[PDB]
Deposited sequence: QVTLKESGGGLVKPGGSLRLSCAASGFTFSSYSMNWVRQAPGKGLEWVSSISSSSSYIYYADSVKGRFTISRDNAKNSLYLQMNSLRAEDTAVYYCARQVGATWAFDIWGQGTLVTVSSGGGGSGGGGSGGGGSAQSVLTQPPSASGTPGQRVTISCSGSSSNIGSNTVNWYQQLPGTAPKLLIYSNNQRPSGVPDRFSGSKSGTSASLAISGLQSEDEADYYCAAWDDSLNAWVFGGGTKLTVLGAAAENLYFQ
């Protein structure tokens, strides 16, 4: 029973401050690097910050650097995100995520907390569609400093759920993912293939890679996959 639970979200005026909290249980919190990832309503995933197991190594997304502060309390098994100089653009659902050291994959995600304050580096097709049984391949195009230098991870986000790790280290499936899902990487581009498409595969798919030039995680804009049947077309010859 591995759980992450975020708290602290709500309505805040621009220029304001909030502190988000992420409570962890069921694992050795003090031995993992942790991250904040956000999702603006109806938009893609956007990494915010990371902190190593003893707080020695901290990174920020360029847009939040100098305004946000990440911290952790290993005694209270808690992760925090202090947000200052809040902007309309900070309106999002904020997720807490655990990072696996050997791969950098985000294998456990929280449930998310909404913050309302009142373009992606990796390139994905915004939509994909297929009929059940077919094979669909989704591309993710990056550059030399990200996909060209580092492994690619893929996350599946089912409607009304938090994202889940789908593929790590380019082509590895975690425990829980069937062989119908396969990943590949060549040069500065990566692909996710879904064989034997099923109605339950209707979800958003995201590719992610560390970028050595930005010193940041870069996520794709997301591919909404639709599984559509029959189609009563009027063919006229």
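Stretches of the record's deposited sequence for which the structure holds no C-alpha atoms | No coordinates exist for the deposited residues in 119 to 135, 255, so these stretches are absent from the model.
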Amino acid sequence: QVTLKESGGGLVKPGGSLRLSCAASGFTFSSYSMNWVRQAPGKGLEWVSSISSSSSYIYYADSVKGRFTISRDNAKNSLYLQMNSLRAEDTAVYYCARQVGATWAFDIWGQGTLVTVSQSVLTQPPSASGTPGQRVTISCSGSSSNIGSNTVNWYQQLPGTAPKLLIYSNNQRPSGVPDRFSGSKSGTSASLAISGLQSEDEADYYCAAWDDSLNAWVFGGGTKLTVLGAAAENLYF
From here on, numbers count along this sequence of modelled residues.
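Is it true that residue 146 goes unbuilt in a third or more of the other compared entries of this protein?
-> Counting only entries that model residues on both sides, residue 146 is resolved in every one of them.
Look at the other compared PDB entries that model both sides of residue 116, then say whether a third or more of them leave it out.
-> No, residue 116 is modelled in every other compared entry.
Entry-level comparison of average CA B-factors, 4 to 12 and 227 to 235, reporting the higher stretch | Averaging CA B-factors over each stretch, the winner is 227 to 235.
Would you mind comparing 49 to 57 and 175 to 183 for me and telling me which has the higher average C-alpha temperature factor in the entry?
-> According to the entry, 175 to 183 carries the higher average C-alpha B-factor.
Which of 93, 165, 140, 152 ranks first by CA B-factor in the deposited coordinates | Of 93, 165, 140, 152, 140 has the highest C-alpha B-factor.
Taking the values straight from the PDB record, which of 193, 40, 209, 203 has the highest C-alpha temperature factor?
-> Spelled out: the listed residue with the top C-alpha B-factor is 40.
Within-chain third of residue 22 by Cα B-factor, per the entry = Answer is highest: the recorded C-alpha B-factor places it there.
Compared with the other modelled residues in the chain, in which third is the CA B-factor of residue 35?
-> Within its chain, residue 35 is a lowest-third residue by C-alpha B-factor, going by the deposited values.
What third of its chain, lowest, middle or highest, does the C-alpha temperature factor of residue 125 fall into?
-> Middle third, going by the recorded CA B-factors of the chain.
State the tercile, meaning the lowest, middle or highest third, of residue 133 with respect to the CA B-factors recorded for its chain.
-> Highest third.
Comparing against every modelled residue in the chain, figure out the third that the C-alpha B-factor of residue 160 lands in (lowest, middle or highest).
-> It falls in the top third of the chain.
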